[PDB]
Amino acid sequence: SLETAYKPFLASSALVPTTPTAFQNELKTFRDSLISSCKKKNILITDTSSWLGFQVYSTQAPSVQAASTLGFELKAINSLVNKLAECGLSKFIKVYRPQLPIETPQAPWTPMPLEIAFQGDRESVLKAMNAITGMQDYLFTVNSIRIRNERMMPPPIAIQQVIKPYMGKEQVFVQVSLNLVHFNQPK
């Protein structure tokens, strides 16, 4: 049923009144938890990645009007990055998030672009792909995928089963461009 199918995303798309200082609190808390879990799980993570694409708000607080939407997007990105860290990757290289129009001074939903980049063995990378696809609390659609190999990856000896030979077995770099769907009031 479509009602049960969209049940989890409608509840998670509900906005909550938030102040810019509360948003900074959430951002720093999520960043600290992510750095702790990455040091625990042996996942190297740059600072631009650890800021979850909100590095522009590390010092400058966001606008009052964009606080709720930015908080929702931060929740979604944090959940996605934690699902990815649960997959056993080896490095988070980049988490880029273009600024929404509400940040710079009515459709039934709003897309939010995001570009993540990670690096790891083929198994963990495929698990991360499945995690991006299969999240039930936030709807992330895969708009583009880039895959790069390293200088000494041996070719195979002579959807998820199609791009597997296109990845090195030991380490592969993967950059995914996604659109988070935030459901607004339909009418």
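Heads up: residue numbers just count along the shown sequence, starting at 1.
Missing deposited residues between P105 and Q106: 10 or more, all without coordinates in the entry. Higher mean CA temperature factor, per the PDB entry, when comparing 23-31 with 122-130: 23-31.
Taking only CA atoms, the mean B-factor in the PDB entry is higher for 55-63 than for the other of 39-47 and 55-63. Comparing the listed residues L10, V176, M167, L15, the entry records the largest Cα B-factor for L15.
Across the options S68, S144, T141, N149, the residue with the most elevated CA B-factor in the record is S68.
Remark: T4 belongs to the highest third of its chain, ranked by C-alpha B-factor as recorded. When the CA B factors of the chain's modelled residues are split into thirds, the value for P98 lands in the middle one.
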